[PDB]
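Two forms of the same protein chain are encoded below as structure tokens; each is given separately, as structure 1 and structure 2.
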Structure 1
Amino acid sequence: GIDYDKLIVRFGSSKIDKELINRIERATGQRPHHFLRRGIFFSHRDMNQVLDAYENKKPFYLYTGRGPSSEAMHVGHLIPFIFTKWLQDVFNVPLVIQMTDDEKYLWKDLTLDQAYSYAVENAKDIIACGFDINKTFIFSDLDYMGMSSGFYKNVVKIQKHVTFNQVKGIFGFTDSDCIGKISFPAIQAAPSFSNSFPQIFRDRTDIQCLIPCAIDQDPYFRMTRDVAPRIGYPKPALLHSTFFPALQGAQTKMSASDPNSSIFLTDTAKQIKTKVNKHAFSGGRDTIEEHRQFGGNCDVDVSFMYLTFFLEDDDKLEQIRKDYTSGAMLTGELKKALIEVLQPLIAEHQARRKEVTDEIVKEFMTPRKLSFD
């Protein structure tokens, strides 16, 4: 697989150890999410400060985002939201969700309308995760920028403090890139500062922000944490997640363009079954006999990784890990287990997504005061 620990050291973040997980527990009076228990969210930045502040009755809000690449969203896009939804319940803090429709516009061969529409469409799947209408504000960059008295002002503050060389270094842009991409980083940094949401944080500028996200988003936030001090703001705390494995393997890349690259949120029970059996990479031995003797390799087995993300029952997961690893369970039954887990899951999502009306999306996307300001 990939060296997450070496990644941690490389970037400079911190490993989420037991003391931290226990702290989260002690701080929420609730069992830490399996993503934490199982290592899915393994890295962090300043989480203890978040915890210290929280335990000391000081506010903090969650900030996470989504790049509306298309109307197609797969099971892997949900991880950070599934986690953030949990975080919101467990800490009871307000949440801000950024739809970078303007980023996709700058990057994909998309039109502002398509981009925006994708933002709005994805918002349905995000909302379907169960976020609290009263304490979460989903917003598209294209919309919010033009209707906020604090957001642009921060983008500008942030931009006066980030040179091209910096982004060139952090993101690897080039003089050949459009000035849109060159400065986009500030747009993603901006929601890390509460006064970008005047209508919800009462012009306050010191509310602690916690950004749960996939490890590959860290560069934006390392840059953010870097300008924050320079512009009189606190730096956002982070909770990093690992990469969701593509069906072809942890190494390989997945995308809404290749349908057999992952289980998409629209897939049917049948497609769920087909995709796993016909595409989930395996760690199981070639012949059913070699497997029995050597046991399967759960480290590279995409189906087990999947279960690791969605089989909530700790004990059940272990049975599988144990029997698969020993050879007692052939990768065929493993994949069979993953399908009985995914089918009811994707179904449920499609269900609650449908219950998301236009007025509900409209609300979520409307800037307003939020329950716990």
Structure 2
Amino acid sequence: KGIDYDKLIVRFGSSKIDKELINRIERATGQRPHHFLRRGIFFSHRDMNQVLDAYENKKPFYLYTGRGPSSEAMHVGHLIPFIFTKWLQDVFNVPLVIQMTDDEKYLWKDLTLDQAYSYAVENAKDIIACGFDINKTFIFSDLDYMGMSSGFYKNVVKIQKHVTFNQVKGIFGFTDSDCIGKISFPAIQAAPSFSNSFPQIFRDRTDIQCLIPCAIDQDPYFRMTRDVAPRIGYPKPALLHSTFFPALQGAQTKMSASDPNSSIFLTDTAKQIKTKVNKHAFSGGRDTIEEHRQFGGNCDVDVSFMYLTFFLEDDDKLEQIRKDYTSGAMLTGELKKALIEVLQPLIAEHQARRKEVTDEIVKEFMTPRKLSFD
């Protein structure tokens, strides 16, 4: 029952997203708001109006997200952010910068420097699969970009001294036993938030607003970055907070990346997707059919219904489902089939595109070059 997201906004001191804001965004774009905005999926921001101010006056801004490279599969939750960011991008016709923290993984996990980089490239393919207009998005490897940016490291250093060790010990719990690469990394994570880190596309000029869509329990991490922003004469990056995408087995967790099952993977096949949802997707319906008819299912805790909230685009069909499962008219198996019919095409479509992404294609995304926007 510890789901409260409004009591969450309060303690972090961020701002709730209201109708005002969504309409302002829809007017600014001439488009219909994303369902993530309609349903309270992405409910908080930090300076989103500032971002809109800029856009309305024809003053550009850019978006920045990252991914911690890995070997395991890569699931559906990993898409919430990438999906919202693809919308925002297309909707505003704006530049997207994507950080592949191979160095972080190399520092934290047990990889070979050449390994972590490997993942950064492969994981890049999964990210391209989501569409992302090539003439608008730049995907970089920390390990690769550092040594080919006349502005990235410069910004790391500026951030590196304005952040004490104590500041990170109380935010990532670093210990005297941790390597020096770890203690100093939070700066690498922060740097892309400032426009001149990418001269190849903005040239000098630090007047460009950055927008970072991310999870809400990731806010106390961008505090640091936002605090040391004007302290170094740079604009604070705008945030857009999203809720937690639950793990099949329950909503108590957000679970893993291992524990096979527990997460629909982008590599799972139609059969596999079907199995995981029917067998593991936690059910909020009753145990017997008669008890389910009498009392109905509980939509709040049902994982299969939650997933629908994310991937079912029709607002009306979702409300029908919500209503009938609650009354008992619809049974969890029916809910499951609904979800399965939305996930199979989605995941399979991803598989299709991920096949169309060559090497001469990734090379181009990773090649720092010029782009298109306002």
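Between two forms, the rigid core is defined as the largest C-alpha subset superposing within 1.5 Å. Here, a residue number simply tells you its place in the sequence of structure 1, counted from 1.
Participant: Pick out the form solved in complex with the RNA: structure 1 or structure 2.
Facilitator: Here the form solved in complex with the RNA corresponds to structure 1.
Participant: Core aligned, which of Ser69, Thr331, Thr308, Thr28 has the Cα that shifts 2 angstroms or more between structure 1 and structure 2?
Facilitator: Everything else stays below 2 Å; the exception is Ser69.
Participant: My question is whether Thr163 is one of the residues whose C-alpha shifts by 2 Å or more between structure 1 and structure 2, given a fit on the rigid core.
Facilitator: No, the C-alpha position differs by under 2 Å between structure 1 and structure 2.
Participant: With both forms fit on the core, is the shift of the CA atom of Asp299 between structure 1 and structure 2 2 Å or larger?
Facilitator: No, the C-alpha position differs by under 2 Å between structure 1 and structure 2.
Participant: Aligning on the rigid core, what is the distance the CA of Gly39 moves between structure 1 and structure 2, in angstrom?
Facilitator: Core-aligned C-alpha shift comes out at 1.2 Å.
Participant: State the core-superposed CA shift for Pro219 between structure 1 and structure 2, in Å to one decimal.
Facilitator: That residue's C-alpha sits 2.7 Å away in the other form.
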